[PDB]
């Protein structure tokens, strides 16, 4: 019997799909795990890890983050509001990274993927930090298909949380780069109704959302700084069996609340 899990099971059943949750209290090592090792599509949530990989590269390449990239219209993709805005002026690597993280900008994400050697290059970066679960296989927008049983472009809530911890709190990035990653996540604009909706208003939150949309597939991961407490790192992912099943932000927020409540 798993009593801790029961509210998560009820929540996913009402949702009509599966919810995956992993939360870590970095002070005590306490966790809350529900389907934590199952795979879920990354959707736009990969863009946080993409930005981290760019930051890692920027450690050894002087002025990389400050480098202007002058892309053309052929680089644009639907839902690239920042990239379109700066088409006539260009954007720095840092600005593209921030756009990918904070506005889920698709053109920015593809541009940065190209610099890293594509989906395989991002995957190699994740392997280099000890994440053997993460895989990115395709580019925007094809990576969002979220087909049940398809492992392409997936990770697990546990691996997402473990990697997020390494990159934001651990030693996977040098300190100045770690802090930049945190600053970008904290400035995310797309997550107000997800993990952020579950946390007390006074707590700092950095997050990245994903919304494949199809197959009820959406997610959010976050690092949370509780007033007067060690940070919490958590990941909440959803999916559902049928193509036109709707995702739910409310379900993500509700799962995040239960995770915070269940943590030592």
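Positions refer to the first chain, counted from 1.
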Of the two stretches 225 to 233 and 33 to 41, which shows the higher Cα B-factor on average in the entry? 225 to 233
Mean CA B-factor: is it higher for 168 to 176 or for 119 to 127? 168 to 176
Highest Cα temperature factor in the entry, among the options 206, 63, 48, 216: which one is it? 63
Comparing against every modelled residue in the chain, figure out the third that the C-alpha B-factor of residue 136 lands in (lowest, middle or highest). lowest
Please say which third, lowest, middle or highest, residue 251 falls into when its CA temperature factor is compared across its chain. middle
For residue 198, the third of its chain into which the C-alpha B factor falls: highest
Split the chain's modelled residues into thirds by Cα B-factor; residue 55 lands in the middle
Chain-wide C-alpha B factor ranking for residue 101, given as lowest, middle or highest third: lowest
